[PDB]
Amino acid sequence: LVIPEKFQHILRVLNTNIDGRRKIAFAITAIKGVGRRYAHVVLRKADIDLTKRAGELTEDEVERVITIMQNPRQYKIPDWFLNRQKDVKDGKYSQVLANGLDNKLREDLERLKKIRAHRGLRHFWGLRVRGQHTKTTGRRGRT
Amino acid sequence: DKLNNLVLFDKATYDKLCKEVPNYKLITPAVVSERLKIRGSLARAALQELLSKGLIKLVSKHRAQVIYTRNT
Amino acid sequence: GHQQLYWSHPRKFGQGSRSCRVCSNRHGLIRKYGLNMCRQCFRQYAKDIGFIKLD
Amino acid sequence: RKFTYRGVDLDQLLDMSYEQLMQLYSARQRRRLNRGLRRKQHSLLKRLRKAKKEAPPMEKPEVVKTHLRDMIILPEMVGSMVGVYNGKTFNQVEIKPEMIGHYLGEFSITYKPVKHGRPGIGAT
RNA sequence: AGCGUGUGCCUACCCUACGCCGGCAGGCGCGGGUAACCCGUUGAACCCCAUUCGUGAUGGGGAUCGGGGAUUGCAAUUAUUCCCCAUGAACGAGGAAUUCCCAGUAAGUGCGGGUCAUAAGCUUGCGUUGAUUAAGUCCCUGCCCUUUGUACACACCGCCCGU
Ligand SMILES: [Mg+2]
Ligand SMILES: [Mg+2]
Ligand SMILES: [Mg+2]
Ligand SMILES: [Mg+2]
Ligand SMILES: [Mg+2]
Ligand SMILES: [Mg+2]
Ligand SMILES: [Mg+2]
Ligand SMILES: [Mg+2]
Ligand SMILES: [Mg+2]
Ligand SMILES: [Mg+2]
Ligand SMILES: [Mg+2]
Ligand SMILES: [Mg+2]
Ligand SMILES: [Mg+2]
Ligand SMILES: [Mg+2]
Ligand SMILES: [Zn+2]
């Protein structure tokens with residue numbers, strides 16, 4: 001129960017800071033694009049015990065987790081689990097992560113804006129997008 | 001203020017647990033967590049280890065509450 | 001021609017496919033037990049139908 | 001730089017049949033195509049093809065007007081001028097290759113964006 | 001657990017057991033019920049017993065958005081509804097003011113009926129767990145009586161005086 005001599009209080013994974021005091025399953029959800037389900041299935045695929053903290057892992061385990069996370073399709077992770085199934089531009093299934101997600105959302109908004117679809121116009125104006133009523137709600141953030 | 005509790009035992013805290021906890025007359029993961037600046041999970045693990053070693057009696061076990069006591 | 005266009009819109013479901021059997025009104029319709037009456041006509045004819053107020 | 005729809009460029013899209021295009025589309029478009037198109041959509045497609053055939057080699061085709069706001073933009077429509085009814089006026093839209101899979105009604109807005117005035121006496 | 005519904009003049013639209021396929025929404029077969037007969041011994045939810053977390057806007061909360069899949073429809077875009085990954089906002093018990101309630105009651109928790117091609121954050125009912133406080137008063141609010149005053153009777157939202 002004593003802390004190991006080599007313990008990582010802070011980890012640097014994918015330009016993200018991971019708190020080594022949290023359990024490994026929930027520690028890696030700090031990466032944008034990874035949730036509880038995806039983190040749990042990745043760790044179950046890596047054959048890593050879920051009863052240890054993030055800082056207790058060795059470098060081999062960390063790099064294995066990163067490699068499995070980058071390429072889910074290689075490690076029998078199903079397509080329906082992925083969050084970027086059937087890309088519009090290239091048609092490839094994948095899981096998009098911290099910065100890639102940030103620019104992929106930007107490209108998805110730019111596509112709608114340039115083509116002048118109604119949803120893109122709503123995004124440009126700053127209004128609701130999924131057909132909600134705006135008369136009485138959503139006042140916060142407006143003058 | 002913020003409450004920063006240890007998640008893994010240190011030398012001083014492990015010595016405190018091994019020396020003073022078995023004499024508290026009322027041992028509870030919340031009590032050990034509050035006195036030793038420890039998280040609840042580490043306190044539960046330490047109390048289970050002490051119970052396994054036989055240094056502490058168990059009075060009642062429940063999911064909400066576990067109660068320990070010093071040996072007679 | 002006109003024969004095709006007139007009344008062409010399908011009316012197999014919805015409020016436009018049902019009406020009261022007494023006054024031909026489409027609002028407040030009662031379909032339970034196949035009554036097919038609006039609430040006002042039902043309140044007018046309840047005693048004749050056989051519905052009694054006990055509570 | 002070259003346009004590709006899910007890894008397929010425009011020429012192959014034009015060569016593909018409807019069954020091949022069903023797998024490229026999304027669930028709603030696939031279901032719509034599986035249920036089939038009716039007479040009016042075929043008439044609109046025929047009119048668009050007729051208009052595009054008669055265009056001069058360097059000029060745009062003549063605008064074809066329609067009320068069909070639920071028509072799915074097929075790859076054969078790219079490069080045609082369609083006036084879409086919005087309830088009051090026919091708005092002119094040129095089909096771009098990036099419009100494949102959307103409806104026509106998404107590109108002719110049905111309301112005027114709100115610019116607010118001073119609130120009246122009845123507001124508290 | 002309990003109250004109930006279920007294949008319809010026009011009228012298209014019922015409740016579903018069992019086997020297989022799919023990870024899920026679902027899809028295929030093949031049967032029962034016009035009903036104390038079938039769904040159904042209605043294996044409901046809170047609740048109970050264990051596991052993990054540990055005062056951190058946190059594994060609390062789930063708003064807003066991206067990408068996919070499926071069902072109802074003639075038609076789903078201004079997202080019908082449903083499913084899966086991802087994103088993860090305010091909110092740490094709420095000012096002046098104000099509502100309802102006296103026992104199987106208040107509150108917690110689910111389930112039926114109405115609307116219903118698609119369908120409940122509403123309503124109308126049903127159970128399950130189950131209390132604190134009180135057996136008084138006219139202080140507030142309101143409404144009744146009796147006495148009393150009136151120049152009011154379109155009845156104080158009245159009548160009426162002087163610049
Ligand atoms: Mg995350
Ligand atoms: Mg809406
Ligand atoms: Mg608003
Ligand atoms: Mg959070
Ligand atoms: Mg959270
Ligand atoms: Mg979508
Ligand atoms: Mg509208
Ligand atoms: Mg989620
Ligand atoms: Mg209800
Ligand atoms: Mg219903
Ligand atoms: Mg209502
Ligand atoms: Mg009083
Ligand atoms: Mg007097
Ligand atoms: Mg008098
Ligand atoms: Zn009637």
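Quick note: numbers below take in every heavy atom, side chains included, and nothing from hydrogens, waters or symmetry partners. Order of the sequence lines sets the chain letters (A, B, ...), proteins ahead of strands, with each chain counted from 1.
- Remark: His102(D) is not in phosphate contact with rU77(E), judged by side-chain N or O atoms under 4.0 Å from OP1 or OP2.
- Between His118(A) and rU78(E), a base-stacking contact is recorded: ring centres under 5.5 Å apart, planes less than 30° from parallel.
- Separation of atoms CD (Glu56(A)) and CD1 (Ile3(A)) is listed at 8.5 Å; rounding is to 0.5 Å.
- The environment of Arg64(A) atom CZ is dense: over 12 non-hydrogen atoms of other residues, nucleotides or ligands sit within 6.0 angstrom.
- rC3(E) sits 38 Å from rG23(E) when the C1' atoms are compared, rounded to a whole Å.
- Of all the residues in residues 31-40 of chain D, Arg31(D), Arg32(D), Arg35(D), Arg38(D) reach under 4.0 Å from RNA chain E with at least one non-hydrogen atom.
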Summarise how protein sits on nucleotides 7-15 of chain E as a single string, 5' to 3': B when a protein heavy atom is under 4.0 Å from the base, S for sugar-phosphate-only contact, - for no contact. --BBBB---

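- Residue-to-nucleotide proximity on RNA chain E shows that, of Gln132(A) and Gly14(C), the 5′-proximal contact is made by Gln132(A).
- Contact between the side-chain N/O atoms of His123(A) and the OP1/OP2 oxygens of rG66(E) is found at a separation under 4.0 Å.
- Within the cation-pi definition used here (under 6.0 Å to the ring centroid, within 45° of the axis), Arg11(C) qualifies as a partner of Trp7(C).
- Base-pairing analysis of RNA chain E finds the following stems of at least three consecutive Watson-Crick or G-U pairs, with both pairing distances under 3.5 Å: E:14-16 with E:31-33, E:18-21 with E:26-29, E:66-70 with E:81-85, E:107-114 with E:122-129.
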Enumerate all atom pairs, one protein N or O and one N or O from nucleotides 55-62 of chain E, separated by less than 3.5 Å.
from: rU55(E); atom 1: OP2; to: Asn5(B); atom 2: ND2; distance (Å): 3.4
from: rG56(E); atom 1: OP1; to: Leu3(B); atom 2: N; distance (Å): 2.9
from: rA57(E); atom 1: OP1; to: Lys2(B); atom 2: NZ; distance (Å): 2.4
from: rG59(E); atom 1: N2; to: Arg22(A); atom 2: NH2; distance (Å): 2.9
from: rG60(E); atom 1: OP2; to: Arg36(A); atom 2: NH2; distance (Å): 2.8

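- Listed in residue order, the members of residues 63-99 of chain D having a heavy atom less than 4.0 Å from RNA chain E are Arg69(D), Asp70(D).
- Put simply, the side chain of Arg28(D) and the base of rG68(E) share no donor and acceptor less than 3.5 Å apart.
- The separation of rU98(E) from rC126(E), taken at their P atoms, amounts to 34 Å, rounded to a whole angstrom.
- Figure legend: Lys65(D) and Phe90(D) shown as a cation-pi pair, the cationic atom lying under 6.0 angstrom from the six-membered ring centre and within 45 degrees of its axis.
- For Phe7(A), the CZ atom counts as densely surrounded, since its 6.0 Å shell holds more than 12 non-hydrogen atoms of other residues, nucleotides or ligands.
- Residue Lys25(B) places its NZ atom among 12 or fewer non-hydrogen atoms of other residues, nucleotides or ligands, all under 6.0 Å distant.
- Counting only N and O atoms by type, the side chains of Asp9(D) and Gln12(D) include a donor and acceptor under 3.5 Å apart.
- Below 30°, between 30° and 60°, or above 60°: for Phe3(D) and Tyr5(D) the angle between ring planes is below 30°, a parallel geometry.
- Using a 3.5 Å distance cut-off with no hydrogens or angles, the side chains of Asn17(A) and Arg12(A) do pair a donor with an acceptor.
- In this structure, the nucleotide among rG67(E), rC49(E), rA86(E) sitting nearest to the side chain of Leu101(A) is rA86(E).
- With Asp90(A) contributing its side chain and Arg6(D) its backbone, the two residues share no donor-acceptor pair below 3.5 Å.
- Contact check on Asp79(A) versus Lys86(A) returns no salt bridge, with no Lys/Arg side-chain nitrogen under 4.0 Å from an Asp/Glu carboxylate oxygen.
- The side chain of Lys32(A) lies closest to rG88(E) when the candidates are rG4(E), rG88(E), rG66(E).
- Distances shorter than 4.0 Å separate some side-chain N or O of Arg44(B) from OP1 or OP2 on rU52(E).
- For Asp48(C), the CG atom sits in a packed shell: over 12 heavy atoms of surrounding residues, nucleotides or ligands are nearer than 6.0 Å.
- Across the interface with RNA chain E, nearest-nucleotide mapping of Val96(A) and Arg140(A) shows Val96(A) to be the residue nearer the 5′ end.
- Applying a 4.0 Å cut-off to non-hydrogen atoms, the residues of residues 63-81 of chain A that approach RNA chain E are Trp80(A), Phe81(A), listed by residue number.
- Few gaps surround CZ on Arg32(D); more than 12 heavy atoms of other groups in view lie less than 6.0 Å from it.
- Checked for salt-bridge contact, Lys50(D) and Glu54(D) meet the test: a charged N lies under 4.0 Å from a carboxylate O.
- An OP1 or OP2 oxygen of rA76(E) is reached within less than 4.0 angstrom by a side-chain nitrogen or oxygen of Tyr103(D).
- Ring-plane geometry between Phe42(C) and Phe51(C) is classed as perpendicular, the angle between the planes exceeding 60 degrees on a 0 to 90 degree scale with a lower cut at 30.
- A side-chain donor-acceptor contact under 3.5 Å links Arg69(D) and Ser108(D).
- Atom CD1 of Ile52(C) has more than 12 heavy atoms from other residues, nucleotides or ligands within 6.0 Å.
- The aromatic rings of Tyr85(D) and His67(D) lie parallel to each other, their planes meeting at an angle below 30°, with 60° marking the opposite boundary.
- Few gaps surround CD1 on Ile67(B); more than 12 heavy atoms of other groups in view lie less than 6.0 Å from it.
- Residue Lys32(C) has its side chain nearest to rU5(E) when only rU5(E), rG69(E), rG66(E) are considered.
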